[PDB]
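The sequence lines fix the lettering, A, B, ..., with proteins before strands; numbering per chain opens at 1. No hydrogens, no waters, no symmetry mates; every other heavy atom, side chains included, goes into these values.
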There are 2 protein chains.
Amino acid sequence: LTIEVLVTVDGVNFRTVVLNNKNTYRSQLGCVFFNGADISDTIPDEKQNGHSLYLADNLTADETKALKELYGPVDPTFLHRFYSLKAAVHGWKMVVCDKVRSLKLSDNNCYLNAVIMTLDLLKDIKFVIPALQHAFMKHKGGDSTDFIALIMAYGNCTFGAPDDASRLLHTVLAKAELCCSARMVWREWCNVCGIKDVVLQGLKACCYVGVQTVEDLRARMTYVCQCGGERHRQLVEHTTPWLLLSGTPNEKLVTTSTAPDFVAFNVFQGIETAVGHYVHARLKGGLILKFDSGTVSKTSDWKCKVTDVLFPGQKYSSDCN
Amino acid sequence: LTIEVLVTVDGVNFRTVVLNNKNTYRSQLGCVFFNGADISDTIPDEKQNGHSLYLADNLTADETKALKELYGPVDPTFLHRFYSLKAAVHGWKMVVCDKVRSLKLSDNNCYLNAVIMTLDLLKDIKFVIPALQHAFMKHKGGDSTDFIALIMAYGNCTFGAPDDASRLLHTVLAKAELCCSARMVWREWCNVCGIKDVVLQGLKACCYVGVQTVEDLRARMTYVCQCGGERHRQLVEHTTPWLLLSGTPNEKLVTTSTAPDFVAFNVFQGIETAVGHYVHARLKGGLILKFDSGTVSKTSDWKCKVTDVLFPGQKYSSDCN
Ligand SMILES: [Zn+2]
Ligand SMILES: [Zn+2]
C-alpha cells in the first residue's frame, strides 16, 4: 500500500511525502508528531492519509532555515523537547480571580506562575523571536499552553521538576525587547584618577540584580582605588518605563502603611533544607494580594523572603552628589 | 571595627574592599562566596581579613566585562548557580577502570557520565569559551569538578534531577570548535527543476541528528517537488575527523561479529513509564565494554535502545549516483 502526508515544522510551510506501509515513520521520514503524540516507531497507519505531521529530525535545507527564523538558533533536540511539553502541559488550568490570570498548582509549576504573572505586568515588551511573540499574543488572548511550553523549552525546564523563577524570568527577558526609550547611567570615579561613565539601554536599563530597593540602587558604593585612594560607584541618570530588581531570598517586612513605590514582588517560601515554592504578590487597593497558584490571600503586613520586585517608570538625576 | 577583603569574579583580578562589622555582606558588597559557602547574609566575621571573596552581585564595570570575556554572555544568575554547583558536586568520584575514567553513580548523574565519556573520545576539540577550556584541561589532567559544574550550569541542570544526555552533549558541543578541516555537502535536486548544494563545516559537519547509521546518512531521501515531480536529498561529500550521530532511544541489536565501524555509543535504559538511566559503551578488543557509572560489563551481542553513536573520520564521495 501507499499513503501521502503533509510535513511541517512551523505550521505554515508544508511538503508532501509519499510513504509505504512496510517501514516505520522513523526510517522513512524521521521524528514525527501527530496531534501531540510521537509516532516515529509506528508503521504508517492506513487512515492517516493527507494529514499534517510535525517533523523534528532530518530537516530539509528549507525546513532548517525556516526553523531558525521562527525559533532562533536552538539545539537539535529543541523541537522534540518542545512538542513533548505542549502535550504534557495541556491539562494545566489558568484561573482568573477578579480579572487577573494565575497558573494553577500542578507538578511544581509555581515558579512558572511567578514568571507569568510578573511578565503580565511588564508594559512595552516585545519578543525578538517570532515564535515567542505569537505564543505571547495567544497567552494574552487566553490561550497560554504554547507560551508555557516555549518558556519551559528555552529555559530547559523538565516537566514535574521545581525550578528558579528569577532564573527563568531573566532568561525569558533576554529574548525580549523594549518598545520605547530607556537609559541607565552609572558613574565610576576617583577624586584623583578621574571620572568614567557607563551607559545601558533597553531592557538592560530596566533590570538589575544585586539590590531590591531603589534607595540601595541609588546608593554610593566605595572600594580601594588603583592610586591607593578611594573609588566610588553610583547611579547618576535613570529613565525607564518600569524597573525590575532581583536578589536571592531576602527576608523583608513588607508594609502597605508606608505606601511602597513598588507594584508587585515575588516571594520564595519554605526552609532551605526543602526548597521549591514560589508566591506572586501584587499591591492593589490598600492591601497585598498573595497569589499562591490559584488561591488568593490578603494582608497589610508580611515578613517574607522577597526575590524579584517591580517598580514603576524611573525618572531620576543624582541630586548634587 | 573594620576589615578589608579581596573581591574577585574570575580568580585573576582582585579589588580591595573595606568592610565594617555592623551591616551584612549583602548590604555592603552583594552576593559573596568564601571557600564554597554563601555568606551574603552573615556579618563580616572578624578573622576573615585579607581573604579572597567570589562576588555574584553588584559587579563593577570592570568585573562585568571580565565576566563576559571568561564565561561569554550568561544570564545574571549564572555565577550563584555555578558556585553552588561546584560545592555540591565536590563529593563526586571519578574512577579509572583500566585507564578509562568514568563518573560514579550519584544523584542521577548517569547522563553526565555519558556526556563526559563521549567528550573524552572526541579529538581535535577546543572550547571557544575560555572558562570551559581551562576546566576541560583540568578535567583531562584528573580534576573534573569545574568541568562538571560548568556543564551543569550552561546546561541549566539542577543537582539531583535526571536529564537528557543527547540534549546536554549537543549544548556543550555548541560551545566547542574544531582544530582541523571538516566538510559536509548535501545535494537537493529535481530532474526538471535543477540542482542545489548545501555545505556545512566545522562541528556542524561532524554532528547529525536523525539517523544513527552511516548507511542511512548516505541514503537518498525522496518527496514531492514544487513542479509536481520528485525531489531528492542525498549526501555527496563528507570529510571529518570523526562523526557523531544522534537519535531518540532506538532499539538495535549491536554485534561485534559484523565488526561495526563505530567506536562507541550511548544507551537509554528503563521503560518510558519510569525514565532516567543512561549507559556509555565502547567497542574495544572483540567486545562491547558497558560503563554503567563506575561498574564495567562485557558482551558480544546486545539488544539496546541506542541514542548517540560515534564513528571515525569520514572520507566519502557519492559513487556515481
Ligand atoms: Zn584613584
Ligand atoms: Zn521539480
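Taking the six-membered ring for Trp and the full ring otherwise, A:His51 and A:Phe34 have centroids separated by under 6.0 Å. Ring centroid separation for the pair A:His80 and A:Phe33 comes in under the 6.0 Å cut-off.
Neither the backbone nor the side chain of B:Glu4 comes within less than 4.5 Å of any heavy atom in chain A. For chain B, the nearby part of A:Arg15 is the side chain; its heavy atoms alone come within less than 4.5 Å. Heavy-atom distances place both the backbone and the side chain of B:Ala61 under 4.5 Å from chain A. The part of A:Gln28 that comes within reach of chain B is its backbone (N, CA, C, O), which places non-hydrogen atoms under 4.5 angstrom from that chain. Within the 4.5 angstrom heavy-atom criterion, no atom of B:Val74 approaches chain A. Both the backbone and the side chain of A:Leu29 come within contact range of chain B, with heavy atoms under 4.5 Å apart.
Your options are B:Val18, B:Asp216, B:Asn250, B:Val17, and the one with the most heavy-atom pairs under 4.5 Å with chain A is B:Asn250. For the set B:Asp75, B:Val209, B:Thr222, B:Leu173, the count of heavy-atom pairs under 4.5 angstrom toward chain A peaks at B:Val209. Of the listed residues (B:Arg26, B:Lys196, B:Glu251, B:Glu230), the greatest number of heavy-atom pairs within a distance under 4.5 Å of chain A belongs to B:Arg26. If you tally non-hydrogen atom pairs under 4.5 Å between each of B:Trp186, B:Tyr208, B:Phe78 and chain A, the highest count goes to B:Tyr208. Highest contact tally toward chain B, considering only A:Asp38, A:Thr171, A:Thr16, A:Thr77, is held by A:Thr16 [criterion: heavy-atom pairs under 4.5 Å]. The residue among B:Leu19, B:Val7, B:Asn58, B:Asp62 with the most heavy atom pairs within less than 4.5 Å of chain A is B:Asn58. The candidate from B:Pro76, B:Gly30, B:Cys157, B:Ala56 with the greatest count of non-hydrogen atom pairs under 4.5 Å with chain A is B:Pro76.
Counting only heavy atoms from C-beta outward, the side chains of A:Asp308 and A:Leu245 never approach each other to under 4.5 Å.
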>> Could you walk me through whether A:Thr24 and A:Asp41 satisfy the side-chain hydrogen bond (donor to acceptor under 3.5 Å, both in side chains) test, starting with their C-alpha distance in whole Å, then the side-chain angles of each, then the deciding distance to 0.1 Å, before giving a yes or no?
In response: CA-CA 6 Å; A:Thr24 61; A:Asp41 294 317; 5.6 Å; no

>> Please evaluate residues B:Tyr223 and B:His232 with respect to the criterion ring pair (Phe, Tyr, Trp, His ring centres under 6.0 Å), reporting the C-alpha separation (whole Å), side-chain torsions for both, the decisive distance (0.1 Å), and the verdict.
In response: CA-CA 7 Å; B:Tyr223 62 95; B:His232 307 286; 8.5 Å; no

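A salt bridge links B:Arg233 to B:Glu188: one of the charged nitrogens lies within less than 4.0 Å of a carboxylate oxygen.
Between A:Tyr83 and A:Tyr54, the ring-plane angle classifies as perpendicular under the 30° and 60° cut-offs. Relative ring orientation between B:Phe268 and B:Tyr278 is described as perpendicular, the plane-to-plane angle rising above 60° on a 0-90° scale split at 30° and 60°.
Annotation: cation-pi geometry not satisfied between A:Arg231 and A:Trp189 (NZ/CZ under 6.0 angstrom from ring centroid, within 45° of ring axis).
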